[PDB]
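Each chain carries a letter (A, B, C, D, E, F, G, H and I) given by its place in the written order, and its residues are counted from 1.
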Amino acid sequence: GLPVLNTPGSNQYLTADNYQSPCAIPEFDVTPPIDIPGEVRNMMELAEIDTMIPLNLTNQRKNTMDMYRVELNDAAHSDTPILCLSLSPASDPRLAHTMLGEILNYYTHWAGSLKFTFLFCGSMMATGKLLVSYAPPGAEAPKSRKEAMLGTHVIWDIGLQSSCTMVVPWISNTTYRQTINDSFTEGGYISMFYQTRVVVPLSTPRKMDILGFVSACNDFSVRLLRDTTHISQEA
Amino acid sequence: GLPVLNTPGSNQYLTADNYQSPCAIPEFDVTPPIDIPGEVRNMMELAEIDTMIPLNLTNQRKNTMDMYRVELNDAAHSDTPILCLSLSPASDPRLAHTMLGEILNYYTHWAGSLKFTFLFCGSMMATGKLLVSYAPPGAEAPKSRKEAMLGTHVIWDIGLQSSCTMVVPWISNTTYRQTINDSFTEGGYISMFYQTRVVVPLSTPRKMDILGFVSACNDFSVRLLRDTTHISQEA
Amino acid sequence: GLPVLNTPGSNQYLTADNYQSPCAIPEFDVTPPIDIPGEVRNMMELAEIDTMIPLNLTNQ
Amino acid sequence: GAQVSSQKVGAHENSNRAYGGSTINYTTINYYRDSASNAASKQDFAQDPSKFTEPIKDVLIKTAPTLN
Amino acid sequence: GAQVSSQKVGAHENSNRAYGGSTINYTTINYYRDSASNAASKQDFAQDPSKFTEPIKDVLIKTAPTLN
Amino acid sequence: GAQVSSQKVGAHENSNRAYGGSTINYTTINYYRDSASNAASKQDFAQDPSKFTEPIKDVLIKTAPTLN
Amino acid sequence: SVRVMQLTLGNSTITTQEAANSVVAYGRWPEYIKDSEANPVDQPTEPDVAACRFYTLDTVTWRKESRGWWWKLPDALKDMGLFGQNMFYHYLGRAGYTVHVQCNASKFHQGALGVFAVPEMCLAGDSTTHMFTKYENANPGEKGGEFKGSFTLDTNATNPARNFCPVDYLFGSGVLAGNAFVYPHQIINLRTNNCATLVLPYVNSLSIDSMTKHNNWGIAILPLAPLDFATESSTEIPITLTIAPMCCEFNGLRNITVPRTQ
Amino acid sequence: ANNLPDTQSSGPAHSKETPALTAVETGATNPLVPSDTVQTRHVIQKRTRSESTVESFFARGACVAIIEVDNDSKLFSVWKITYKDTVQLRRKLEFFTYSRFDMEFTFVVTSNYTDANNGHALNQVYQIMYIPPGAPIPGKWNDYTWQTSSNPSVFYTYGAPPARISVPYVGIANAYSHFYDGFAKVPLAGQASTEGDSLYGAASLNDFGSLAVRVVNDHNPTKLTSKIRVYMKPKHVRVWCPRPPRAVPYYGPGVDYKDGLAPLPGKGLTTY
Amino acid sequence: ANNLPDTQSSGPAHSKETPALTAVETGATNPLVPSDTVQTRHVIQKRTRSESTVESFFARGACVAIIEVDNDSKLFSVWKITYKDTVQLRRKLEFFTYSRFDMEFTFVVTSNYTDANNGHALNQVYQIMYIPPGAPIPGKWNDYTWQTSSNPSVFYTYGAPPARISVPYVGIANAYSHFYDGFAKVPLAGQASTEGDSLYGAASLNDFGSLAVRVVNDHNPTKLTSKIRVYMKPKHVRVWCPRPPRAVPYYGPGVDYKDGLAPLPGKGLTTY
């Protein structure tokens, strides 16, 4: 017959190979498809949908519907943060379980811009201005509005348009970041402060909630498929 | 020689493969064919031929020529069924052994329309009107002519044309049904009732038989070849 | 290299196969043929020649 | 001596290759002289069941009376 | 019946072959009649996420007020 | 350097491929320089048995008297 | 109409006023061997009108208790005029047939007969010894045989019957009778027709064969709906079988064959 | 192996054409479709009969024999070629009276030590020799017949992928007969009853010959047994004259029956 | 599987267009890009989403079963086909409600002597038979069912590269349902409670049938065990209707939960 020479790698089974194989059920009459609504072509499409962030992971609130609610009040102006977060979308406990974080945990690298949308759920009679901020890594994490205001920030005025979006631009040294907590590929800090204060008239609730949402921008991508730690199996 | 790489699946024997192999009797002078009558190209051709149904599987009649005979009489009109059947062509005991049922037992899925033909074997002096019915699954199986008449039915008037055909249309949720008794792919009920009554004059037999036949329509198909339970071998 | 898949029948020896194999005496100067009388092309040619039948197989 | 036929694609990948090109064709070459060595092409035809379903001498229409 | 596609060269060798010619193409031939036996081409398309990201009846511009 | 011959189809499949096309041809390519390495083509000719059956000097007709 | 016909072959004519059409098995009309399908090289004999004519075999009687009847072809016609002579004088023989079954009653009678023409109709035997039925029993001639309602094993070891034991619902061969409709057939339902007519082409895996060693077709008649009349528990109606060989051609003439009998 | 027709929409009817009425006495089957008896919608039919073609129905390797050899006359075995030693393939073939096809034979060979703690042997090589009716049959596992100068042999090395060979249509008739209503002999008048007697439904005493299998290695006192499972697949299939399938258990090479004569269960006439 | 758009340079703004403000009540996500809220530079984007395509996400062989056979009824085993016996592939598939694809199955077979100093056996051959719902299931490691005249079988020789076969889209619906909010039966009024009762979320009792595995060699008194690890890879993938992934441990074939109901850790609201 035709002279052949077997090269190394022969008879192995690479779990990620892409070869042809014989069909065990030949000439099978396959049921044709129908146009079912909601077809998906890329996993990144799912990462671009707003998903609610479990921002309040305090012991009494974590693992309850309260982990999603961050409460505000009509107290006099303060320069202390309403919330603090680290830009580690796949590893920070508050981001790791969102739709975005879930997908990132099936990949080793991520790159791109993100956007955080906040919804004000107070009454119509409530007003206020808030400062949402993003500080690229390398300096002290902002602890006062004075430090936060020096980085990327959006001053949100509450009114008819109930929500406000802050885009966290892709500012990185490496071309891709890792989906694990690693200082070399650290992303920075997200924080919120009161710009003025929440003001309500009489006969109106003085405390109300805001909900946060996170999604990927159109320049977001992931690579190196890996296994997630979000699912296990004992015995 | 030419460098090659062995892929998984090498050296295996798939019982359903389709490869070439060396001929053990080379240059053999093969006897040419002759035009023998009755050649078959597809198994479905056989499923389209009327085959007699063993409708009467009562203990005294089963496994005798009487299992094929369903007796009628000139009694006053009654609303009770003459016979009842389930549309499980491969599994119902009355359908599973017809030519149609035999072929269906070599396949895992079936789809298409069926037709039941009934032959009146009474004397020429006997008359009568009968109602043949088909009720798609999901409701109570018809027990009176009143319920049966609400589904697909053919009112058969007995006379010169000795037989009557009722087509059981393909009405299904799934694109293919299974050849086993399974509720998810259940087919419905077939039943027969007296519309008026069988009437005979004097000096004429008051009881007579009818024979049933079943065959597949031109839109019938089966898929996924499997082994039948209709043949076994001990030791 | 080129991905291949071994099919059943591989490594067997069919006594009636018809394959190629390496030559153990390469570049050998083969003696040319001569036109020898009486060449045969088919065994049936021999079956068409009259041959005497041993008709009398009695013991003696 | 290669025979190039097209496949009947069942499940389609999100590619244009799943709908056209040589990507939906398959190639075949016979290596043996005896036709017995060949695999089955499986591009098999059908026929009219009439020889079994209606082996009647005088052809009849379903709409028309069978017994005439 | 061979399908010849081009590769997306990542790391480039110090050759002109790393930038052009059949040296940056790959060849494919289907050996089986059933499309199920085929490998994945992986030349897969994308689509608009709008059906999920903005399943809104009355289309809105980001610059313009959402609640109007 | 491929040699394409046709097979003498014995048993025919219910396909048109069993009656025509490259599907009833087989392909051959010699890999060795020495003709001894080659397989047998088996496209062998026949001849006239006369040299054995009738090695007679003066040709005779069967209808005509052999002894003349 | 579908109901009135006349069949003429040689010097014999059959008329019917209550037919239900006629069946031509597998849609093939009998024919002679073509040169492209020929095998024996000798000139064939084709008796034509002397052999291809209607021969009436013995009449059987249908009663409420009848289980069925069977015949084998060309066997049933082996003693029929010049057809039988040619059959026995030649090593090889080939023929098609026109089978006409007759059964008339009245408008107050009921019953239905299934008439099937089966190619290679092999029947089951009576012993634990396989394929033990002897030639003489397998070939009854014009009188044919009968179906039984049950299997009864022959135990006489000293004198085995070596006969068939065709159970009716098992079609005499281990298959269900209701599926016998896949074979060319007609039904004689007393309220509809008088007869059944089947035209059978020559069927075999060879172009010509030995008519004495091999039976090509089998004719099986089974009461699908039993005979019943007015109130006469006692009712008998005859069933006459008339068959005509067609396109007969024989090869290999020699001295006559005289088969062993009984 | 093709498409099925579409369902055309059908409305109500009030006519003198009655396709529902018929007369099965003619021997014909009523070719009705749903639209003949009910109102139908238009359905574009996409299902096909690709898998029920005569070819696809038989395109599977079925076991027809399990030949056993004990490498300690059992040093070699002979199997008379047939498809009736097993029931599954036999029943499928018998849906038809005649057939014509090529055959593909695949051999799965297994072996093992009879003793859990005794004996040892080097890798075995098997010889599967086909003995066409007429050729000399081996008397010893090592006599002259195993030279195979003309008989086709297959030498299989234990552990290698299953051996496989193709066989052309080898019948002496124009098609294989699944049923033969006749004898190989006609008893003549006057001859002794011992004379002219032959089996009913049997053709040649040796239709296709047989296979002789042996282990080529010199046998060691070690207790070993090997089994060659023969799988056959009909390819390039043509079949004639359909027959109803076998309903009761097989009882030999013939259509004889004896045991499972009551195949159907009981079921009420008016029970769904 | 393509390119991402470039970042265009963006300067300062003072306008009545406010893309930063929105109203998520509508059910839509604000499609902002960096240049909407900050000054950007022009960046020529070279990153692509080639590896996150639905195809590349599933293009991996995942273990779905570990079938075990003890060659000393354990001489053969039967595995009901499913993807829910393991958790990893199951969780990935469940990101979608419906799917449609072809499957590639690779079988990794391992075996060993149970005893460190006892027994011996010749190389084993395995038979992996697919029993489609309806076909007879083997009662013994050597009964008639193993003839496979119609069922697809795979004969694997120990030590050979892993066996591998492809299966087409075999669903009876137009797509595979990962979730079925219903029953196979509807209990009717009047019938006994035992009647019309079925499992919630279950379709057919036997969806895809099962695999019957056995060692073909004659068993020796030696203690041996073999394990067939089944790997499946969806190829030619299409998926519909995305769903949030499983957050708590699986508790059966359904969406039932019981144990790890508190998946998230504690973290201070104002702690980075």
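Structure notes:
Keep this in mind: a residue touches a chain if its C-beta (ideal position, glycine included) is under 8 Å from a C-beta of that chain, and two chains touch if they have at least 3 such contacts.
Averaging Cα coordinates per chain and for the whole protein, the chain whose average falls nearest the overall one is D. Same interface as E-I, judged by over half of the contact pairs sharing residue numbers, among the pairs D-I, F-H or D-H: D-H. Of the two chain pairs considered here, E-I and D-G, the higher C-beta contact count falls to E-I.
Chain geometry summary: the mean Cα position of chain F and that of chain H are 34 Å apart.
Chain E and chain G have centres, each the mean of its CA atoms, that are 70 Å apart. Centre-to-centre separation of chain A and chain E, using mean CA positions: 25 Å.
Put simply, the C-alpha centre of chain G and that of chain H have 29 angstrom between them. Residue numbers of chain G whose C-beta contacts span two or more other chains: 2, 20-21, 23, 25-28, 119, 176, 179, 182, 184, 187, 189, 192, 203, 205-207. The residues of chain E that reach two or more other chains are 30-40, 42-46, 52-53, 65-67, listed in rising order. Among the residues of chain A, those in touch with two or more other chains are 1-7, 11-13, 18-33, 37-39, 41-42, 45-46, 48-49, 160-162, 215.
Chain contact summary for the complex, chain D toward chain B: residues 30-34, 36-40, 42, 44-47, 49, 51-53, 65-67.
Contact residues of chain B toward chain G in the complex are 34-38, 46, 49-54, 63-65, 67-69, 97-99, 102, 119-126, 162, 203-205, 208-209, 211, 213. Touching chain I in their complex are the following residues of chain H: 60-63, 86-89, 92, 108-117, 120, 158-162, 224-225, 227, 229. The part of chain H that touches chain A in the complex is made up of residues 1, 46-51, 53, 56, 59. Against chain H, the residues of chain B that register as touching in their complex are 11-13, 15-16, 18, 20-25, 28, 30-34, 36-46, 48-51, 54-59, 62-63, 67, 70, 80-86, 93-94, 97, 99, 102-103, 106-107, 111-113, 115, 117, 119, 141, 152, 154, 156-157, 160-167, 169-170, 175, 189, 213, 215, 217-225, 227-228, 230-233.
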